[PDB]
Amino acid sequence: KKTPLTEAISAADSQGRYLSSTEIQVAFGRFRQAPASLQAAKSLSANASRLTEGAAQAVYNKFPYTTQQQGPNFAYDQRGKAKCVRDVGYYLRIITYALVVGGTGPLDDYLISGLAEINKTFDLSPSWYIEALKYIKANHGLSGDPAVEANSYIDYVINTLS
């Protein structure tokens, strides 16, 4: 929901006024940056399989006990690993949504709100996902402004987990 355009509207509406040249400049900066964004989102979408699978394995690599300890919260079995790949896929997919709209809105509404309660209730460690997000940042291969904005959403999620 939170995009530069919706934030612009919400602000003007809460002040009961028309959009001025201030909010117009918001659209300029958004439409200027959006090709870099929709650019980064097209690459992350194509590389999503190898990125989520590699992120899940990198978590296992830094935290090998997650594939070893017995319990529903862990990836000791196929079910656990499938749950982990699926989670990492959620993170990456919603991160692309944020790129497509140019704001953290999708991250806030679909991923981050309620996340700490989820990670607490199911004994999922935030450090697990931080490492997966670090691997994505280290392997998505983006460059220029698409990489800078993609990394700021990744680090946005990292900041929430820590």
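For every residue, the number given is its place in the sequence shown, counted from 1.
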Residue stretch of maximal mean CA temperature factor, 85-93 vs 68-76: 68-76
Mean C-alpha temperature factor, higher of 149-157 and 136-144: 136-144
Which of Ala40, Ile112, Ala98, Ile118 ranks first by CA B-factor in the deposited coordinates: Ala40
Peak C-alpha temperature factor (PDB record), options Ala46, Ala27, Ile130, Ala56: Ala46
B-factor third for the C-alpha atom of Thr3 within its chain: middle
Ranked C-alpha temperature factor of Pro106 among modelled chain residues, by third: middle
Among modelled residues of the same chain, the CA temperature factor third for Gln33: highest
